[PDB]
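*Asks:* Sending over a structure as structure tokens; questions will come in a sec.
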Protein chains: 2
Amino acid sequence: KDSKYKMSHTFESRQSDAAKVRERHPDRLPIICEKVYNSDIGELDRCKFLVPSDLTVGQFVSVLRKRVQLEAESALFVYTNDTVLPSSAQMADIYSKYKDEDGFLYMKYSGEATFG
Amino acid sequence: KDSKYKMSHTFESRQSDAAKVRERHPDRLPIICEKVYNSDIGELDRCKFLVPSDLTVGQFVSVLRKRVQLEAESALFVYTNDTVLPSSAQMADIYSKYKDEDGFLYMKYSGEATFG
Ligand SMILES: [Ca+2]
Ligand SMILES: [Ca+2]
Ligand SMILES: [Ca+2]
Ligand SMILES: [Ca+2]
């Protein structure tokens with residue numbers, strides 16, 4: 001399923017937002033983080049992350065985990081372009097390859113639970 | 001709740017029309033825009049629109065409003081796949097996802113008045 005954030009904000013406002021992020025906070029990467037449609041995990045009110053460009057996928061996940069409040073016993077996965085991410089990857093490599101035209105990196109997250 | 005335009009125009013004349021418009025006008029999306037069945041709003045002679053690719057839904061709705069002659073206080077809604085489009089959606093995104101087999105995006109519109 002498509003991004004609920006993309007849908008509810010105009011491209012021009014999204015593009016200007018992402019560019020104002022990387023100008024005011026040049027050390028950061030503008031990230032949109034939304035729940036995988038399928039999963040039993042809670043949606044974030046504030047799905048925009050200004051992520052230190054020195055983070056690995058694994059570190060951003062730890063940061064994301066603090067917000068979703070998922071039981072630490074449960075795994076948390078993240079996705080760009082419909083493919084799960086290895087925690088070893090550098091957020092800043094994921095950003096440059098997979099960034100949207102508006103300048104945001106759109107990510108999905110899921111725990112281990114799914115509906116069907 | 002089906003398309004009058006589709007009934008009165010041939011499939012391969014439609015497909016050929018959409019690609020002709022697309023080649024003559026590269027930055028414009030081919031839209032068929034028809035009234036919701038039960039709405040009190042006027043059809044629309046005149047239902048093909050060559051929409052600038054960068055228009056939001058709300059900018060397209062401003063264009064349609066002038067043509068349909070709906071009072072300012074009165075709301076105007078557009079639909080595709082049978083669901084209301086948000087004003088912040090991009091016509092390019094809606095086109096990409098929802099375009100017909102024949103290459104037109106088929107939309108419907110209504111004001112707030114309906115027949116019981
Ligand atoms: Ca939150
Ligand atoms: Ca053009
Ligand atoms: Ca007309
Ligand atoms: Ca656009």
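In the structure tokens, the first chain shown is A, the next is B, and so on; residue numbers restart at 1 for each chain, and ligands run from 1 in the order shown.
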Would you give me, as a PyMOL selection string, the residues of chain B that come within 12 Å of chain A, using only C-alpha atoms?
*Replies:* chain B and resi 53-59+85-94+97
*Asks:* Within 9 Å of ligand 1, counting only C-alpha atoms and all ligand atoms, which protein or nucleic acid residues do you find, written as a list in words?
*Replies:*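 Checking only C-alpha atoms and all ligand atoms against ligand 1 at 9 Å gives residues 43, 44, 45, 46, 47, 67 and 68 of chain A.
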*Asks:* Could you write those residues out with C-alpha atoms, as a PDB file, in the first residue's frame?
*Replies:*
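Output below, filename result-v3.pdb:
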ATOM      1  CA  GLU A  43       1.127   4.004  13.447  1.00  0.00           C
ATOM      2  CA  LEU A  44       3.228   7.047  14.429  1.00  0.00           C
ATOM      3  CA  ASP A  45       1.523  10.445  14.785  1.00  0.00           C
ATOM      4  CA  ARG A  46       4.767  12.088  13.808  1.00  0.00           C
ATOM      5  CA  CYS A  47       6.259   9.930  11.109  1.00  0.00           C
ATOM      6  CA  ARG A  67       8.697   5.388  19.555  1.00  0.00           C
ATOM      7  CA  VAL A  68       6.628   2.311  18.623  1.00  0.00           C
TER       8      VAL A  68
END
*Asks:* Where does DSSP see helix (DSSP H, G or I) in chain B, if you list the residues as a PyMOL selection string?
*Replies:* chain B and resi 4-8+11-24+57-68+91-98
*Asks:* Restricting it to N, CA, C and O atoms, dump the selection as a compact mmCIF listing (two decimals), in the first residue's frame.
*Replies:*
# COMPACT_ATOMS: atom_id res chain seq x y z
N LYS B 4 -20.31 7.05 -19.35
CA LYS B 4 -21.00 7.40 -20.59
C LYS B 4 -20.02 7.55 -21.75
O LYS B 4 -20.30 7.09 -22.85
N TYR B 5 -18.88 8.20 -21.49
CA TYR B 5 -17.82 8.37 -22.50
C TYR B 5 -17.34 7.05 -23.07
O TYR B 5 -17.10 6.94 -24.27
N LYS B 6 -17.17 6.04 -22.21
CA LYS B 6 -16.73 4.71 -22.66
C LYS B 6 -17.75 4.03 -23.56
O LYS B 6 -17.39 3.37 -24.54
N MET B 7 -19.03 4.18 -23.21
CA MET B 7 -20.14 3.63 -23.98
C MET B 7 -20.25 4.23 -25.39
O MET B 7 -20.58 3.51 -26.33
N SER B 8 -19.97 5.53 -25.52
CA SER B 8 -20.16 6.26 -26.77
C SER B 8 -18.89 6.41 -27.64
O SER B 8 -18.94 6.96 -28.75
N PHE B 11 -13.14 1.69 -27.73
CA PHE B 11 -11.91 1.29 -27.06
C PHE B 11 -10.62 1.69 -27.81
O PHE B 11 -9.78 2.41 -27.26
N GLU B 12 -10.48 1.25 -29.07
CA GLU B 12 -9.26 1.54 -29.84
C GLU B 12 -9.17 2.99 -30.36
O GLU B 12 -8.08 3.46 -30.71
N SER B 13 -10.31 3.68 -30.43
CA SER B 13 -10.32 5.12 -30.70
C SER B 13 -9.92 5.89 -29.43
O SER B 13 -9.22 6.89 -29.52
N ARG B 14 -10.36 5.39 -28.28
CA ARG B 14 -9.95 5.90 -26.96
C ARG B 14 -8.44 5.74 -26.70
O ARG B 14 -7.76 6.71 -26.34
N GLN B 15 -7.93 4.52 -26.91
CA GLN B 15 -6.50 4.19 -26.71
C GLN B 15 -5.60 5.03 -27.60
O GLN B 15 -4.56 5.54 -27.16
N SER B 16 -6.03 5.18 -28.86
CA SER B 16 -5.35 6.00 -29.85
C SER B 16 -5.43 7.49 -29.54
O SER B 16 -4.49 8.23 -29.82
N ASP B 17 -6.56 7.92 -28.97
CA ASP B 17 -6.77 9.32 -28.58
C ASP B 17 -5.84 9.71 -27.43
O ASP B 17 -5.20 10.77 -27.46
N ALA B 18 -5.76 8.84 -26.43
CA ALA B 18 -4.91 9.08 -25.25
C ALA B 18 -3.42 9.20 -25.60
O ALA B 18 -2.76 10.15 -25.16
N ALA B 19 -2.90 8.26 -26.40
CA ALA B 19 -1.51 8.32 -26.88
C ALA B 19 -1.20 9.51 -27.82
O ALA B 19 -0.09 10.06 -27.78
N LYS B 20 -2.17 9.91 -28.64
CA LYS B 20 -2.04 11.10 -29.49
C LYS B 20 -1.89 12.36 -28.63
O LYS B 20 -1.02 13.20 -28.88
N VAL B 21 -2.75 12.48 -27.62
CA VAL B 21 -2.70 13.57 -26.66
C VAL B 21 -1.36 13.56 -25.91
O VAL B 21 -0.74 14.61 -25.74
N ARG B 22 -0.93 12.38 -25.48
CA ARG B 22 0.34 12.19 -24.77
C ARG B 22 1.58 12.57 -25.59
O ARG B 22 2.57 13.03 -25.03
N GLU B 23 1.53 12.37 -26.91
CA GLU B 23 2.64 12.73 -27.79
C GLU B 23 2.60 14.20 -28.20
O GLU B 23 3.65 14.85 -28.28
N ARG B 24 1.40 14.72 -28.44
CA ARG B 24 1.21 16.14 -28.75
C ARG B 24 1.48 17.02 -27.53
O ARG B 24 1.88 18.19 -27.68
N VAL B 57 -4.75 17.58 -6.90
CA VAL B 57 -6.17 17.32 -7.09
C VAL B 57 -6.98 18.62 -6.91
O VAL B 57 -7.94 18.86 -7.64
N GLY B 58 -6.56 19.43 -5.94
CA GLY B 58 -7.28 20.64 -5.55
C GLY B 58 -7.19 21.74 -6.59
O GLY B 58 -8.16 22.49 -6.80
N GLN B 59 -6.03 21.84 -7.24
CA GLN B 59 -5.86 22.72 -8.40
C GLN B 59 -6.69 22.26 -9.60
O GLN B 59 -7.28 23.08 -10.29
N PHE B 60 -6.74 20.95 -9.83
CA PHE B 60 -7.64 20.42 -10.85
C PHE B 60 -9.12 20.73 -10.55
O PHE B 60 -9.86 21.12 -11.45
N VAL B 61 -9.52 20.57 -9.29
CA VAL B 61 -10.87 20.91 -8.82
C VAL B 61 -11.23 22.40 -8.98
O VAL B 61 -12.38 22.73 -9.26
N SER B 62 -10.27 23.29 -8.77
CA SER B 62 -10.44 24.71 -9.08
C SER B 62 -10.76 24.93 -10.57
O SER B 62 -11.62 25.75 -10.90
N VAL B 63 -10.06 24.20 -11.45
CA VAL B 63 -10.26 24.30 -12.89
C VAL B 63 -11.66 23.83 -13.29
O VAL B 63 -12.39 24.52 -14.00
N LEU B 64 -12.02 22.64 -12.80
CA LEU B 64 -13.31 22.02 -13.05
C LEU B 64 -14.46 22.89 -12.53
O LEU B 64 -15.50 23.03 -13.19
N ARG B 65 -14.26 23.51 -11.38
CA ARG B 65 -15.28 24.34 -10.76
C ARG B 65 -15.75 25.47 -11.67
O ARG B 65 -16.95 25.73 -11.77
N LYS B 66 -14.79 26.14 -12.32
CA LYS B 66 -15.04 27.27 -13.21
C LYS B 66 -15.89 26.83 -14.39
O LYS B 66 -16.73 27.57 -14.87
N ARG B 67 -15.65 25.59 -14.83
CA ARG B 67 -16.33 25.01 -15.96
C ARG B 67 -17.73 24.53 -15.64
O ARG B 67 -18.62 24.52 -16.50
N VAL B 68 -17.91 24.11 -14.39
CA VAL B 68 -19.12 23.41 -13.98
C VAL B 68 -20.07 24.43 -13.35
O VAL B 68 -21.26 24.16 -13.18
N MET B 91 -2.00 14.83 -9.23
CA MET B 91 -2.65 14.27 -10.41
C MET B 91 -1.74 13.23 -11.09
O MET B 91 -2.24 12.24 -11.61
N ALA B 92 -0.43 13.45 -11.05
CA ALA B 92 0.54 12.52 -11.66
C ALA B 92 0.54 11.15 -10.97
O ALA B 92 0.54 10.11 -11.64
N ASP B 93 0.51 11.17 -9.64
CA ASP B 93 0.39 9.96 -8.82
C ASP B 93 -0.92 9.22 -9.06
O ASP B 93 -0.93 7.99 -9.23
N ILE B 94 -2.03 9.96 -9.04
CA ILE B 94 -3.35 9.37 -9.29
C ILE B 94 -3.42 8.81 -10.71
O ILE B 94 -3.96 7.73 -10.93
N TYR B 95 -2.89 9.55 -11.68
CA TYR B 95 -2.80 9.05 -13.05
C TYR B 95 -2.01 7.74 -13.15
O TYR B 95 -2.54 6.74 -13.62
N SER B 96 -0.75 7.77 -12.71
CA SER B 96 0.14 6.59 -12.70
C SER B 96 -0.52 5.34 -12.13
O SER B 96 -0.42 4.27 -12.72
N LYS B 97 -1.20 5.50 -11.00
CA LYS B 97 -1.81 4.37 -10.31
C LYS B 97 -3.16 3.94 -10.91
O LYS B 97 -3.48 2.75 -10.91
N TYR B 98 -3.94 4.89 -11.39
CA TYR B 98 -5.35 4.61 -11.71
C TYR B 98 -5.75 4.69 -13.19
O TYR B 98 -6.88 4.31 -13.53
*Asks:* Grab me every residue within 8 Å of ligand 2, counting only C-alpha atoms and all ligand atoms, and send it over as a ChimeraX atom specification.
*Replies:* /B:24-28,52
*Asks:* Hey, what's within 6 Å of region 106-109 of chain A if we count only C-alpha atoms and toss same-chain stuff fewer than 5 positions away? As a list in words, please?
*Replies:*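 The residues satisfying every condition are residues 32, 33, 34, 35, 36, 77, 78, 79 and 80 of chain A.
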*Asks:* Please produce a file of those selected residues containing N, CA, C and O atoms, as a compact mmCIF listing (two decimals), in the first residue's frame.
*Replies:*
# COMPACT_ATOMS: atom_id res chain seq x y z
N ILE A 32 10.60 9.61 6.20
CA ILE A 32 9.18 9.33 6.49
C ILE A 32 9.05 7.85 6.89
O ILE A 32 9.51 6.97 6.17
N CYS A 33 8.43 7.59 8.03
CA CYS A 33 8.39 6.24 8.58
C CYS A 33 6.97 5.81 8.92
O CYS A 33 6.38 6.30 9.89
N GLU A 34 6.42 4.90 8.12
CA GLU A 34 5.02 4.50 8.27
C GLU A 34 4.83 2.99 8.44
O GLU A 34 5.64 2.23 7.97
N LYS A 35 3.78 2.57 9.14
CA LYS A 35 3.58 1.13 9.34
C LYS A 35 3.26 0.40 8.04
O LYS A 35 2.50 0.91 7.21
N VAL A 36 3.87 -0.77 7.86
CA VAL A 36 3.42 -1.75 6.86
C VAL A 36 1.93 -2.00 7.07
O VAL A 36 1.50 -2.35 8.17
N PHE A 77 11.33 -4.76 11.87
CA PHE A 77 11.92 -4.71 10.53
C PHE A 77 11.62 -3.38 9.84
O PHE A 77 10.60 -2.76 10.11
N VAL A 78 12.53 -2.95 8.97
CA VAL A 78 12.27 -1.76 8.15
C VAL A 78 12.49 -2.02 6.66
O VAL A 78 13.25 -2.89 6.28
N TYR A 79 11.77 -1.26 5.84
CA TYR A 79 11.66 -1.54 4.42
C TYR A 79 11.82 -0.24 3.64
O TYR A 79 11.35 0.81 4.08
N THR A 80 12.54 -0.30 2.52
CA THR A 80 12.45 0.73 1.49
C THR A 80 12.25 -0.02 0.18
O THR A 80 12.72 -1.15 0.04
